[PDB]
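Participant:
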Amino acid sequence: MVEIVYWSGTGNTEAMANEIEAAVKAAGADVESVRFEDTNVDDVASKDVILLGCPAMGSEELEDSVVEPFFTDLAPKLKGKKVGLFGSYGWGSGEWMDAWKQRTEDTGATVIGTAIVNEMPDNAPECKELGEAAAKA
Ligand SMILES: Cc1cc2c(cc1C)N(C[C@H](O)[C@H](O)[C@H](O)COP(=O)(O)O)c1[nH]c(=O)[nH]c(=O)c1N2
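Heads up: the sequence shown begins at 1 in the authors' numbering, then just goes up one per residue.
Here you go:
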C-alpha cells in the first residue's frame, strides 16, 4: 500500500506519478495518489510505503509553500517507513533531491529510490523503477 503524494505545476509530476502507479498496478499493489494540498500525516500512517513528488524550484530547491509545510507535519510519522522521492528538473540536477533525501532519511525513514527527470517522464526509467520498488515496498 503506497501513498503517492505529488505537487504538480506543469503536469510533469502528475504524469511521473501516473507512470509509477502503472508499475505499482502491474505488480497488483494498492495505490493512493493524491496531491500535497489534500493529504495529512494520519492518512500516511496507514501506508507502509509513501512517495513524494516535488519539482526543482527557485535555485535548486524544494517547493517551499506546500511541500515544506507538509513535510514538517509528516516528520513525526516518517519513521521506519519506505519513502520514495520523485522530481522533475529543467536545467540543474541533483541538489534539491540530495537535500530532500537528507531530510527524509533523517526523520528515521528509509528511501525507496530517487527519480529525477528532464522535465517530462519516460525519459528516465527511474520512474518505473520507483513504481516496481513501491509495489515491493
Ligand atoms: C519558478 C521556477 C523555478 C524553477 C523552475 C521552474 C519555475 C517555473 N525549474 C524548472 C522545473 O524544475 C521544470 O520545468 C519542472 O518540470 C516543472 O516545475 P514546476 O511544476 O513548474 O514547478 C527549475 N529547474 C531546475 O533544474 N532548477 C531550478 O532551480 C528550477 N527553478
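Think of the CB as a built atom: it goes at the ideal place given N, C-alpha and C, for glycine as much as any other residue.
1. Could you name the residues of the same chain whose beta carbon sits closer than 7 Å to that of residue 43, not counting the 5 residues immediately before and after it, in chain order?
2. Who are residue 103's beta bridge partners in DSSP?
3. At a threshold of 8 Å, does residue 6 count as lining ligand 1 (C-beta to nearest heavy atom)?
4. Hey, how far is the Cα of residue 94 from the Cα of residue 28?
5. If the criterion is Cβ atoms closer than 9 Å, does the pair residue 96 and residue 54 meet it?
6. From the DSSP output, read off the bridge partner residues of residue 33.
7. Tell me the start and end of each unbroken beta strand (DSSP E) in the stretch 20-83 that is at least 3 residues and wholly inside, in chain order.
Facilitator: The short version:
1. These residues qualify, in order along the chain: 3.
2. Residue 103 pairs with nothing; no bridge assigned.
3. Answer for residue 6: no, Cβ out of range of ligand 1.
4. Residue 94 and residue 28 have their C-alpha atoms roughly 31 Å apart.
5. Against a cut-off of 9 Å, the Cβ pair of residue 54 and residue 96 comes out as a contact.
6. For residue 33, DSSP records a beta bridge to 4.
7. The qualifying runs are 31-35, 49-53.
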